[PDB]
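The block underneath contains the structure these notes are about, expressed in structure tokens.
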Amino acid sequence: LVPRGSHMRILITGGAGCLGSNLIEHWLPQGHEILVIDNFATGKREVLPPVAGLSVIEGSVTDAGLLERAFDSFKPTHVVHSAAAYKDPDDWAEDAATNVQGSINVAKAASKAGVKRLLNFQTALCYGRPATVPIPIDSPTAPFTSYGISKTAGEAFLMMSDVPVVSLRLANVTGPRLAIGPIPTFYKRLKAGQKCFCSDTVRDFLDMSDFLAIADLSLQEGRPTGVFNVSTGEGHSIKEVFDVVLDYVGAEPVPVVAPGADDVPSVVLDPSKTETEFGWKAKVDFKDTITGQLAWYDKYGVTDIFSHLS
Amino acid sequence: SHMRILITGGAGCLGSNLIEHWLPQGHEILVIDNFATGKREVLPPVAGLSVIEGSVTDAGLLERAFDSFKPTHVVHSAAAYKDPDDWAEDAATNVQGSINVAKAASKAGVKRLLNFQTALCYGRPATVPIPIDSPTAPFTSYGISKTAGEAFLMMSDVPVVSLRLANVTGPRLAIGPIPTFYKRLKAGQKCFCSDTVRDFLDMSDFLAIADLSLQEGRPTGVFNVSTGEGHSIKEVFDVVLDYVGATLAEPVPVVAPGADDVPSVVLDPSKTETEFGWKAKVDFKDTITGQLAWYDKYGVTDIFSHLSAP
Ligand SMILES: NC(=O)c1ccc[n+]([C@@H]2O[C@H](COP(=O)([O-])OP(=O)(O)OC[C@H]3O[C@@H](n4cnc5c(N)ncnc54)[C@H](O)[C@@H]3O)[C@@H](O)[C@H]2O)c1
Ligand SMILES: NC(=O)c1ccc[n+]([C@@H]2O[C@H](COP(=O)([O-])OP(=O)(O)OC[C@H]3O[C@@H](n4cnc5c(N)ncnc54)[C@H](O)[C@@H]3O)[C@@H](O)[C@H]2O)c1
Ligand SMILES: [Mg+2]
């Protein structure tokens with residue numbers, strides 16, 4: 001039915017996570033039909049209320065029969081692959097099963113089911129220690145952690161698919177229900193009057209609204225396929241983030257501390273090919289990105305369970 | 001210098017040739033193999049040799065093998081590759097299998113783990129001969145899963161050597177251009193050579209570096225194993241023609257390489273020479289000729305054992 005001429009039946013793996021739930025909140029009010037598959041390893045049941053147009057299967061992308069049955073009953077036109085394992089750096093076996101084998105399973109099931117477009121999200125950890133920052137899209141993959149090695153292979157399998165695939169390599173995305181990293185940490189700590197420390201690292205940040213716009217473009221028939229960096233292309237230090245929080249919240253000068261052994265000095269993506277090929281560009285700058293995150297904390301707390309669905 | 005060696009994939013070409021080299025020296029050897037491609041004939045019931053039939057994907061089986069056998073050394077030679085559409089098997093054997101082998105070896109406190117890597121990990125190289133610090137950029141099921149496998153092994157606390165190998169020739173090689181030209185030329189069938197360049201390594205040179213790799217105090221990490229010289233498939237053909245003594249009814253056509261066929265894959269072994277002091281001794285003509293001489297004696301067979309069975 002609606003939206004007229006472009007109703008999607010969207011199968012979203014990992015739909016109970018941050019990105020998944022934010023996409024559901026974006027698409028469901030438009031009339032799209034959504035099916036989520038999640039094992040609740042990190043995602044939350046509370047972000048998936050029993051509303052019309054939304055179904056939820058508690059299961060794993062590693063379970064290939066659960067997937068064939070779900071693709072067969074639901075008949076999606078589109079797939080968003082957002083399921084990932086990462087929480088235990090030493091559980092290589094779970095990373096490989098979810099991130100490699102689960103990607104392969106989704107790919108095979110999508111191809112059989114005839115889906116029009118498949119959207120995957122890739123961690124910038126795929127680049128490992130880059131030689132060039134901002135990282136060009138044609139830079140090699142060079143992961144050196146369980147999460148990066150497994151995601152790298154996952155993406156590589158997906159790119160062999162006969163289904164048109166977009167894999168978005170992502171900046172640190174901010175928005176509703178983000179509850180980890182420097183933004184919430186500096187916010188809670190500064191309100192608690194606790195000592196903060198800034199890693200001596202450059203990172204990039206993307207506002208949820210800009211993430212949503214490229215996700216929309218990525219699922220349109222006829223649009224480009226392949227791997228794409230999604231960023232403003234600007235990098236900001238952890239200290240710069242801290243400074244925005246401090247001023248926002250209104251509290252000895254903060255020490256610049258690290259970086260840890262496995263911490264890459266600078267990770268900032270070059271989005272130039274994505275601008276060219278999609279005509280997309282990130283509209284929300286750094287200050288507004290962090291500020292809107294902090295504004296969300298003021299209203300709902302540092303929580304990962306506040307649903308904007310009725 | 002007595003070794004208790006656990007060899008996964010020991011029924012295959014490299015594994016079985018290793019066993020023939022090491023078992024006469026008094027080493028105790030356990031093989032784990034699922035016989036996907038390796039043959040039961042190459043592993044006779046002799047003193048010093050144990051065979052468990054099973055998969056590196058089976059974490060339970062592996063734990064029980066490492067516990068009972070207590071290896072001092074591990075040679076990880078198991079790989080899946082035969083069906084390029086069977087991504088799930090490639091990922092299970094090559095990624096999960098490598099992870100199970102790494103974890104089990106770590107737990108059992110092995111002195112040294114030896115891995116073999118396909119040059120498909122390099123994808124389409126930017127520089128030939130391929131430097132050892134070149135990126136991994138695989139684009140096939142076999143190259144992707146093996147790349148991930150090796151990367152997981154490199155995260156082990158056990159000392160690891162991973163050898164990126166030229167095309168190894170020796171007893172029981174029954175695939176590739178060498179046996180194909182030998183058989184076809186003797187039968188009067190038309191041959192064609194792809195216009196590609198490759199490297200070839202005699203078994204004797206392979207045994208030498210494998211030996212060095214298993215010795216305490218030796219270097220660790222990734223290494224290219226090669227003469228460092230490349231030869232076209234036409235050059236291989238030419239050696240086979242002359243050796244077989246055939247007369248051609250038309251010149252061999254040299255044809256443009258396939259879609260997925262990398263034009264030139266030759267490895268630069270300099271770091272291996274620097275750190276190991278190893279250098280490949282057998283030149284191209286002698287390497288090809290030694291393969292053809294083996295076929296003259298035994299035929300193109302992968303079931304002839306050089307071990308003396310009771
Ligand atoms: N949020 C970011 O800024 C960011 C940056 C780079 C890449 N990514 C990628 O985007 C995707 C979503 O990230 P997120 O930030 O929303 O994280 P998230 O932890 O909130 O993950 C999404 C979900 O995956 C689920 N999951 C894990 N294993 C599963 C399994 N085997 N079967 C089904 N579901 C499973 C979790 O329960 C979770 O809800 C991931 O692939 C991640 O690697 C995110
Ligand atoms: N021979 C070469 O020139 C060459 C070149 C580069 C890399 N390598 C690497 O060297 C290693 C051995 O190669 P090969 O030429 O001997 O090939 P091979 O096919 O003869 O041997 C691989 C062996 O692994 C076994 N196997 C497959 N899946 C298994 C599983 N799940 N559990 C246990 N065993 C399993 C097969 O039965 C087979 O005996 C492989 O890792 C390969 O990728 C070989
Ligand atoms: Mg092989």
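We name chains A, B, ... following the order of the structure tokens; residues begin at 1 in each chain, and ligands are numbered from 1 as shown.
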
| said: Set the cut-off to 8 Å and count only C-alpha atoms: what are the residues of chain A that reach chain B? Output as a ChimeraX atom specification. | reply: /A:92-93,96-97,100-101,104-105,140-142,144-146,149-150,153,156-157,160

Can you write out the residues you just picked, keeping N, CA and C atoms, as a CSV table (one decimal), in the first residue's frame?
```csv
chain,number,residue,atom,x,y,z
A,92,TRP,N,36.4,-14.8,19.8
A,92,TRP,CA,36.6,-14.7,18.4
A,92,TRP,C,35.6,-15.6,17.7
A,93,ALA,N,35.2,-16.7,18.3
A,93,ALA,CA,34.3,-17.6,17.8
A,93,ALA,C,32.9,-17.0,17.5
A,96,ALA,N,33.2,-14.3,14.6
A,96,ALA,CA,33.3,-15.1,13.4
A,96,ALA,C,31.9,-15.6,13.0
A,97,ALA,N,31.2,-16.2,13.9
A,97,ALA,CA,29.9,-16.8,13.6
A,97,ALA,C,28.8,-15.8,13.3
A,100,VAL,N,30.9,-13.1,10.3
A,100,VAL,CA,31.2,-13.8,9.0
A,100,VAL,C,30.1,-14.7,8.5
A,101,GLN,N,29.8,-15.7,9.3
A,101,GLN,CA,28.8,-16.7,8.9
A,101,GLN,C,27.4,-16.1,8.9
A,104,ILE,N,27.2,-14.2,5.5
A,104,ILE,CA,27.0,-15.2,4.5
A,104,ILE,C,25.6,-15.7,4.4
A,105,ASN,N,25.0,-16.1,5.6
A,105,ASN,CA,23.7,-16.6,5.7
A,105,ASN,C,22.6,-15.5,5.1
A,140,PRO,N,43.2,0.1,1.7
A,140,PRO,CA,43.1,-1.3,2.0
A,140,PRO,C,42.4,-1.6,3.3
A,141,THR,N,41.8,-2.8,3.5
A,141,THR,CA,41.3,-3.2,4.8
A,141,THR,C,42.5,-3.9,5.5
A,142,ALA,N,42.7,-3.6,6.7
A,142,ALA,CA,43.9,-4.0,7.5
A,142,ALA,C,43.5,-4.2,9.0
A,144,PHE,N,42.9,-5.6,12.8
A,144,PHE,CA,43.8,-6.3,13.7
A,144,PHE,C,43.2,-6.6,15.0
A,145,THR,N,41.8,-6.5,15.1
A,145,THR,CA,41.1,-7.0,16.3
A,145,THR,C,40.0,-8.0,15.8
A,146,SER,N,39.5,-8.8,16.7
A,146,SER,CA,38.4,-9.7,16.4
A,146,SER,C,37.3,-9.1,15.7
A,149,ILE,N,38.5,-7.9,12.0
A,149,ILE,CA,38.8,-9.0,11.1
A,149,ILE,C,37.5,-9.7,10.7
A,150,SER,N,36.6,-10.0,11.6
A,150,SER,CA,35.3,-10.7,11.3
A,150,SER,C,34.4,-9.8,10.4
A,153,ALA,N,35.6,-9.6,6.7
A,153,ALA,CA,35.3,-10.8,6.0
A,153,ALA,C,33.9,-10.9,5.6
A,156,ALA,N,33.2,-8.5,2.8
A,156,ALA,CA,33.8,-9.1,1.6
A,156,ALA,C,32.9,-10.2,1.0
A,157,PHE,N,32.3,-11.1,1.8
A,157,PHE,CA,31.4,-12.1,1.3
A,157,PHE,C,30.1,-11.4,0.7
A,160,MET,N,30.3,-10.3,-2.8
A,160,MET,CA,30.2,-11.3,-3.9
A,160,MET,C,28.8,-11.6,-4.3
```

Exercise for review: Tell me, as a ChimeraX atom specification, which residues lie within 10 Å of residue A:278, counting only C-alpha atoms; anything in the same chain fewer than 3 positions away does not count.
Suggested key: /A:214,217-218,223-225,228,273-275,281

Quiz prompt | Environment of ligand 1 within 9 Å, counting only C-alpha atoms and all ligand atoms, reported as a VMD selection string | solution = chain A and resid 13 to 22 36 to 45 58 to 63 81 to 87 94 to 95 97 to 99 102 120 to 125 147 to 148 151 168 to 174 177 to 178 205 to 206 304

Go ahead and write the selection's residues with C-alpha atoms as an mmCIF file, in the first residue's frame.
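To be explicit, this is the file written out as result.cif:
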```
data_model
loop_
_atom_site.group_PDB
_atom_site.id
_atom_site.type_symbol
_atom_site.label_atom_id
_atom_site.label_comp_id
_atom_site.auth_asym_id
_atom_site.auth_seq_id
_atom_site.Cartn_x
_atom_site.Cartn_y
_atom_site.Cartn_z
ATOM 1 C CA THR A 13 18.840 -8.096 11.248
ATOM 2 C CA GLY A 14 20.024 -6.515 14.484
ATOM 3 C CA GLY A 15 16.911 -4.242 14.499
ATOM 4 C CA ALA A 16 16.867 -4.015 18.294
ATOM 5 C CA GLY A 17 20.227 -2.163 18.290
ATOM 6 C CA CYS A 18 21.001 1.571 18.129
ATOM 7 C CA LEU A 19 21.069 1.946 14.313
ATOM 8 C CA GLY A 20 18.320 -0.600 13.689
ATOM 9 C CA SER A 21 15.849 0.932 16.136
ATOM 10 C CA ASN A 22 16.559 4.454 14.871
ATOM 11 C CA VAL A 36 13.394 -7.622 12.910
ATOM 12 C CA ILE A 37 15.676 -10.552 13.754
ATOM 13 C CA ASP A 38 17.681 -10.089 16.924
ATOM 14 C CA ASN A 39 19.246 -12.266 19.598
ATOM 15 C CA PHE A 40 19.294 -9.424 22.101
ATOM 16 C CA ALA A 41 23.039 -9.851 22.724
ATOM 17 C CA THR A 42 23.307 -6.079 22.928
ATOM 18 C CA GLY A 43 19.960 -4.794 21.659
ATOM 19 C CA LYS A 44 16.897 -4.097 23.802
ATOM 20 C CA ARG A 45 13.416 -5.619 23.715
ATOM 21 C CA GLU A 58 14.114 -13.606 18.632
ATOM 22 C CA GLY A 59 16.920 -15.495 16.827
ATOM 23 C CA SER A 60 20.373 -15.445 15.258
ATOM 24 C CA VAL A 61 21.783 -14.689 11.809
ATOM 25 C CA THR A 62 24.022 -17.754 12.416
ATOM 26 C CA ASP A 63 20.836 -19.876 12.384
ATOM 27 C CA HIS A 81 21.958 -6.119 7.768
ATOM 28 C CA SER A 82 22.671 -4.506 11.090
ATOM 29 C CA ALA A 83 23.437 -7.521 13.278
ATOM 30 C CA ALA A 84 26.984 -7.573 14.704
ATOM 31 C CA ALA A 85 28.865 -9.226 17.594
ATOM 32 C CA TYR A 86 31.615 -7.378 19.403
ATOM 33 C CA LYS A 87 31.050 -7.098 23.168
ATOM 34 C CA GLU A 94 31.175 -15.533 18.348
ATOM 35 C CA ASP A 95 32.515 -12.637 16.244
ATOM 36 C CA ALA A 97 29.896 -16.840 13.639
ATOM 37 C CA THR A 98 27.782 -13.659 13.789
ATOM 38 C CA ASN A 99 29.894 -11.317 11.575
ATOM 39 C CA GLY A 102 25.733 -14.528 9.704
ATOM 40 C CA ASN A 120 25.203 -3.409 5.258
ATOM 41 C CA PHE A 121 27.020 -1.322 7.864
ATOM 42 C CA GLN A 122 30.744 -1.562 8.210
ATOM 43 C CA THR A 123 33.002 -0.490 11.041
ATOM 44 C CA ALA A 124 35.956 1.810 10.293
ATOM 45 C CA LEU A 125 37.967 -0.800 12.207
ATOM 46 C CA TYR A 147 35.629 -7.297 15.601
ATOM 47 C CA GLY A 148 37.441 -5.735 12.598
ATOM 48 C CA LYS A 151 33.433 -7.604 9.947
ATOM 49 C CA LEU A 168 28.407 1.945 4.344
ATOM 50 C CA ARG A 169 31.611 2.418 6.331
ATOM 51 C CA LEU A 170 30.490 4.571 9.237
ATOM 52 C CA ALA A 171 31.674 7.507 11.312
ATOM 53 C CA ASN A 172 30.683 7.328 14.965
ATOM 54 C CA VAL A 173 26.918 7.865 14.591
ATOM 55 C CA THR A 174 25.182 9.854 17.337
ATOM 56 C CA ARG A 177 19.720 5.762 22.599
ATOM 57 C CA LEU A 178 23.485 6.113 22.139
ATOM 58 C CA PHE A 205 31.037 11.994 14.297
ATOM 59 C CA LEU A 206 27.821 11.806 12.280
ATOM 60 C CA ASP A 304 19.300 2.920 25.640
#
```

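Picture a line from atom CA of residue B:236 to atom CA of residue B:251; it runs 14.8 Å.
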
Tell me, counting only C-alpha atoms and all ligand atoms, for each residue of chain B within 8 Å of ligand 3, which pair of atoms is nearest and how far apart they are in Å to one decimal, in rows ordered by chain and increasing number, as a Markdown table.
```
| residue | atom | partner | partner_atom_place_in_ligand_line | distance |
| --- | --- | --- | --- | --- |
| B:79 | CA | ligand 3 | 1 (Mg) | 7.8 |
| B:81 | CA | ligand 3 | 1 (Mg) | 6.9 |
| B:118 | CA | ligand 3 | 1 (Mg) | 7.5 |
```

Could the residues that lie within 6 Å of ligand 2, counting only C-alpha atoms and all ligand atoms, be listed as a PDB file with N, CA, C and O atoms, in the first residue's frame?
```pdb
ATOM      1  N   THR B   8      46.788 -30.513  11.296  1.00  0.00           N
ATOM      2  CA  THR B   8      45.442 -30.525  10.705  1.00  0.00           C
ATOM      3  C   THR B   8      45.592 -30.536   9.200  1.00  0.00           C
ATOM      4  O   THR B   8      46.542 -29.959   8.687  1.00  0.00           O
ATOM      5  N   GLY B   9      44.689 -31.200   8.493  1.00  0.00           N
ATOM      6  CA  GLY B   9      44.826 -31.373   7.046  1.00  0.00           C
ATOM      7  C   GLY B   9      46.007 -32.246   6.586  1.00  0.00           C
ATOM      8  O   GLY B   9      46.463 -32.141   5.444  1.00  0.00           O
ATOM      9  N   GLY B  10      46.485 -33.129   7.457  1.00  0.00           N
ATOM     10  CA  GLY B  10      47.712 -33.916   7.183  1.00  0.00           C
ATOM     11  C   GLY B  10      47.573 -34.931   6.076  1.00  0.00           C
ATOM     12  O   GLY B  10      48.567 -35.524   5.600  1.00  0.00           O
ATOM     13  N   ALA B  11      46.330 -35.134   5.640  1.00  0.00           N
ATOM     14  CA  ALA B  11      46.080 -36.036   4.528  1.00  0.00           C
ATOM     15  C   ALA B  11      46.239 -35.390   3.165  1.00  0.00           C
ATOM     16  O   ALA B  11      46.201 -36.081   2.146  1.00  0.00           O
ATOM     17  N   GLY B  12      46.430 -34.068   3.127  1.00  0.00           N
ATOM     18  CA  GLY B  12      46.560 -33.374   1.859  1.00  0.00           C
ATOM     19  C   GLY B  12      47.958 -33.394   1.288  1.00  0.00           C
ATOM     20  O   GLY B  12      48.832 -34.092   1.776  1.00  0.00           O
ATOM     21  N   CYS B  13      48.181 -32.614   0.248  1.00  0.00           N
ATOM     22  CA  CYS B  13      49.458 -32.618  -0.422  1.00  0.00           C
ATOM     23  C   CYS B  13      50.615 -32.176   0.506  1.00  0.00           C
ATOM     24  O   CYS B  13      51.598 -32.933   0.696  1.00  0.00           O
ATOM     25  N   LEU B  14      50.482 -30.988   1.100  1.00  0.00           N
ATOM     26  CA  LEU B  14      51.571 -30.439   1.937  1.00  0.00           C
ATOM     27  C   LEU B  14      51.739 -31.253   3.241  1.00  0.00           C
ATOM     28  O   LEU B  14      52.892 -31.587   3.642  1.00  0.00           O
ATOM     29  N   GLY B  15      50.598 -31.569   3.863  1.00  0.00           N
ATOM     30  CA  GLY B  15      50.542 -32.337   5.108  1.00  0.00           C
ATOM     31  C   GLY B  15      51.230 -33.689   4.956  1.00  0.00           C
ATOM     32  O   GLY B  15      52.089 -34.071   5.784  1.00  0.00           O
ATOM     33  N   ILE B  32      44.600 -34.573  12.082  1.00  0.00           N
ATOM     34  CA  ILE B  32      43.156 -34.391  12.015  1.00  0.00           C
ATOM     35  C   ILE B  32      42.768 -33.975  10.606  1.00  0.00           C
ATOM     36  O   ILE B  32      43.247 -32.945  10.083  1.00  0.00           O
ATOM     37  N   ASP B  33      41.905 -34.783   9.990  1.00  0.00           N
ATOM     38  CA  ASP B  33      41.470 -34.541   8.636  1.00  0.00           C
ATOM     39  C   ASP B  33      40.057 -35.085   8.452  1.00  0.00           C
ATOM     40  O   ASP B  33      39.682 -36.070   9.090  1.00  0.00           O
ATOM     41  N   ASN B  34      39.294 -34.428   7.568  1.00  0.00           N
ATOM     42  CA  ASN B  34      37.897 -34.782   7.296  1.00  0.00           C
ATOM     43  C   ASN B  34      37.780 -35.414   5.928  1.00  0.00           C
ATOM     44  O   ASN B  34      36.703 -35.817   5.508  1.00  0.00           O
ATOM     45  N   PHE B  35      38.930 -35.525   5.260  1.00  0.00           N
ATOM     46  CA  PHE B  35      39.050 -36.121   3.924  1.00  0.00           C
ATOM     47  C   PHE B  35      38.185 -35.450   2.847  1.00  0.00           C
ATOM     48  O   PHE B  35      37.800 -36.074   1.862  1.00  0.00           O
ATOM     49  N   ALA B  36      37.920 -34.151   3.020  1.00  0.00           N
ATOM     50  CA  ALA B  36      37.276 -33.370   1.962  1.00  0.00           C
ATOM     51  C   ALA B  36      38.029 -33.497   0.656  1.00  0.00           C
ATOM     52  O   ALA B  36      37.417 -33.735  -0.386  1.00  0.00           O
ATOM     53  N   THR B  37      39.357 -33.312   0.704  1.00  0.00           N
ATOM     54  CA  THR B  37      40.191 -33.461  -0.486  1.00  0.00           C
ATOM     55  C   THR B  37      41.375 -34.414  -0.317  1.00  0.00           C
ATOM     56  O   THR B  37      41.870 -34.959  -1.318  1.00  0.00           O
ATOM     57  N   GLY B  38      41.843 -34.586   0.917  1.00  0.00           N
ATOM     58  CA  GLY B  38      42.980 -35.471   1.189  1.00  0.00           C
ATOM     59  C   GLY B  38      42.528 -36.921   1.147  1.00  0.00           C
ATOM     60  O   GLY B  38      41.335 -37.212   1.298  1.00  0.00           O
ATOM     61  N   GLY B  54      37.910 -36.189  11.360  1.00  0.00           N
ATOM     62  CA  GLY B  54      37.075 -35.139  11.910  1.00  0.00           C
ATOM     63  C   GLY B  54      37.470 -33.759  11.417  1.00  0.00           C
ATOM     64  O   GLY B  54      38.428 -33.606  10.652  1.00  0.00           O
ATOM     65  N   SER B  55      36.722 -32.752  11.859  1.00  0.00           N
ATOM     66  CA  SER B  55      36.863 -31.373  11.350  1.00  0.00           C
ATOM     67  C   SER B  55      37.488 -30.405  12.370  1.00  0.00           C
ATOM     68  O   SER B  55      37.215 -30.505  13.573  1.00  0.00           O
ATOM     69  N   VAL B  56      38.339 -29.489  11.886  1.00  0.00           N
ATOM     70  CA  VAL B  56      38.814 -28.336  12.661  1.00  0.00           C
ATOM     71  C   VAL B  56      37.646 -27.420  13.127  1.00  0.00           C
ATOM     72  O   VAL B  56      37.782 -26.640  14.084  1.00  0.00           O
ATOM     73  N   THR B  57      36.504 -27.526  12.446  1.00  0.00           N
ATOM     74  CA  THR B  57      35.274 -26.825  12.860  1.00  0.00           C
ATOM     75  C   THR B  57      34.682 -27.392  14.169  1.00  0.00           C
ATOM     76  O   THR B  57      33.844 -26.742  14.820  1.00  0.00           O
ATOM     77  N   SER B  77      47.246 -27.063   8.384  1.00  0.00           N
ATOM     78  CA  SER B  77      47.273 -27.240   6.952  1.00  0.00           C
ATOM     79  C   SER B  77      45.886 -27.569   6.334  1.00  0.00           C
ATOM     80  O   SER B  77      45.786 -27.826   5.128  1.00  0.00           O
ATOM     81  N   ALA B  78      44.856 -27.609   7.181  1.00  0.00           N
ATOM     82  CA  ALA B  78      43.461 -27.857   6.786  1.00  0.00           C
ATOM     83  C   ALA B  78      42.920 -26.588   6.133  1.00  0.00           C
ATOM     84  O   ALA B  78      43.070 -25.504   6.712  1.00  0.00           O
ATOM     85  N   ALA B  79      42.315 -26.730   4.939  1.00  0.00           N
ATOM     86  CA  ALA B  79      41.652 -25.649   4.236  1.00  0.00           C
ATOM     87  C   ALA B  79      40.538 -26.215   3.356  1.00  0.00           C
ATOM     88  O   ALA B  79      40.718 -27.270   2.728  1.00  0.00           O
ATOM     89  N   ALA B  80      39.428 -25.472   3.271  1.00  0.00           N
ATOM     90  CA  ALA B  80      38.335 -25.765   2.348  1.00  0.00           C
ATOM     91  C   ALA B  80      38.370 -24.779   1.177  1.00  0.00           C
ATOM     92  O   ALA B  80      38.695 -23.608   1.345  1.00  0.00           O
ATOM     93  N   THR B  93      35.485 -23.934   7.767  1.00  0.00           N
ATOM     94  CA  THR B  93      36.803 -24.554   7.858  1.00  0.00           C
ATOM     95  C   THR B  93      37.916 -23.497   8.061  1.00  0.00           C
ATOM     96  O   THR B  93      38.681 -23.576   9.029  1.00  0.00           O
ATOM     97  N   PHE B 116      49.826 -22.217   6.690  1.00  0.00           N
ATOM     98  CA  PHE B 116      50.064 -21.944   5.260  1.00  0.00           C
ATOM     99  C   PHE B 116      48.984 -21.046   4.679  1.00  0.00           C
ATOM    100  O   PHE B 116      47.805 -21.299   4.847  1.00  0.00           O
ATOM    101  N   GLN B 117      49.397 -20.022   3.954  1.00  0.00           N
ATOM    102  CA  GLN B 117      48.488 -19.027   3.424  1.00  0.00           C
ATOM    103  C   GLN B 117      48.549 -19.033   1.869  1.00  0.00           C
ATOM    104  O   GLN B 117      49.609 -19.185   1.263  1.00  0.00           O
ATOM    105  N   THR B 118      47.393 -18.902   1.234  1.00  0.00           N
ATOM    106  CA  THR B 118      47.309 -18.778  -0.207  1.00  0.00           C
ATOM    107  C   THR B 118      47.620 -17.329  -0.640  1.00  0.00           C
ATOM    108  O   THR B 118      47.204 -16.372   0.043  1.00  0.00           O
ATOM    109  N   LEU B 165      52.567 -18.871   0.252  1.00  0.00           N
ATOM    110  CA  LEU B 165      53.328 -19.831  -0.528  1.00  0.00           C
ATOM    111  C   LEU B 165      53.207 -19.604  -2.037  1.00  0.00           C
ATOM    112  O   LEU B 165      52.101 -19.335  -2.539  1.00  0.00           O
ATOM    113  N   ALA B 166      54.335 -19.737  -2.729  1.00  0.00           N
ATOM    114  CA  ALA B 166      54.350 -19.953  -4.190  1.00  0.00           C
ATOM    115  C   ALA B 166      53.680 -21.319  -4.477  1.00  0.00           C
ATOM    116  O   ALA B 166      53.272 -22.035  -3.528  1.00  0.00           O
ATOM    117  N   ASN B 167      53.555 -21.703  -5.742  1.00  0.00           N
ATOM    118  CA  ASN B 167      52.855 -22.957  -6.074  1.00  0.00           C
ATOM    119  C   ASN B 167      53.808 -24.092  -5.812  1.00  0.00           C
ATOM    120  O   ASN B 167      54.829 -24.178  -6.463  1.00  0.00           O
ATOM    121  N   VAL B 168      53.508 -24.926  -4.816  1.00  0.00           N
ATOM    122  CA  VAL B 168      54.463 -25.946  -4.408  1.00  0.00           C
ATOM    123  C   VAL B 168      54.263 -27.208  -5.240  1.00  0.00           C
ATOM    124  O   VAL B 168      53.124 -27.665  -5.433  1.00  0.00           O
TER     125      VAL B 168
END
```

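In terms of minimum interatomic distance to residue B:278, B:219 ranks closest within B:253, B:176, B:258, B:219, counting only C-alpha atoms.
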